[PDB]
C-alpha cells in the first residue's frame, strides 16, 4: 500500500479516483452518529478524547468528561475492563458489557486497546447464536466451495434480514467476483458480476485483514468529530480501525449512495492470513445491526474462513 496521505484535518489532499488508495481511512478523527466513543489512558483510565455527541449517550458534556477516570465513570466495569485488555494484547480483542441508561433499552459498551490507549464504544441496544449453530450442519454438508458460498450467503441473509448478501471473492490481481448471492425478491442480481480492484483499494484490503468487520449504518449520516482530534499521548491521529463506529471513507459512502444502498456491512474471509473475500451486505435503508448479531456474524466469518480452506483443499 503506497504511503498514506495526511487526513483532511492535517491538511491532506482531496481524494479522487486517481489517488484513493492513499486515503487514511483508519484515522478519520470521527465516528458514526448512532454511537459515542471515548478514548482513555490504558493505565490511569483518564479520558483523553470524546466524540462531540457524547452528551446524548453519556449525559455529560464532552469537555466535562475529558480528564475524568474510568474508575469514576464506570466503577463497576473498570477493574474488569483493565484485566481483560492488558498492555500488548491483540488490538482485535474486545471487552464487552451492557450498561443501564435513562432511555429505552440498554447501552452496549465495547472496548479495545491500541498501544497505550483504550477505545470505548457506546451504542444503544433495545436467536442468532442458535441459528448459527443450526446453519453449521448445512455449511459442513455443502459438497464444495461454491455450494458452501451459496449456503453462507443465505444463512447470513436469514440471520440479518439484509436485502442483499454477497460472497465477494478476490482474484490474485485483486479484482472481485460475486460468487454467491442471497437477495430479497425483486432486487437486481449481482451474481457472477466482476469488478475492478479499485473499488476496494489496497489500504482497505490491508485494514480488512487485521480488523475483520466494518459497516456504514446510514450512508447519508454525517460523521461526528473526536475532540481533541489527536491523541494527547502521541500528539498524533487516533487509530480507529478496531472501532465499528469509525467513520467510513466518504468516497465509499458516495459509492454506496450511487448504488442505492442505505446501510452496508462486511465481514472478512481470511485464509492463511490472506484476504480471500468478503461477506458483503447491503440494506436499502439505514440499519444498525445490534452488537450481538455482529458478534454472530464475526463467528460465522471465522467458521466460513475455515470451511473455505477445507473445501478448497479437496481440490
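Residue numbers count along the first chain shown, from 1.
Where coordinates are absent for parts of the deposited sequence, a chain break appears; between neighbours residue 126 and residue 127 it spans 4 to 9 residues.
For the pair 154 to 162 and 182 to 190, the mean Cα B-factor is higher in 182 to 190. Higher average CA B factor: 48 to 56, of the stretches 257 to 265 and 48 to 56. Taking the deposited Cα B-factors for 239, 86, 143, 201, the highest one is held by 86. Per the deposited coordinates, the residue with the largest Cα temperature factor out of 213, 103, 118, 135 is 103. Remark: residue 292 belongs to the middle third of its chain, ranked by C-alpha B-factor as recorded. In the PDB entry, a CA B factor belonging to the lowest third of its chain's modelled residues is recorded for residue 217. Sort the chain's modelled residues by C-alpha temperature factor and residue 65 lands in the highest third, per the entry.
In this PDB entry, residue 243 carries a Cα temperature factor that places it within the lowest third of its chain's modelled residues. In the PDB entry, a CA B factor belonging to the middle third of its chain's modelled residues is recorded for residue 114.
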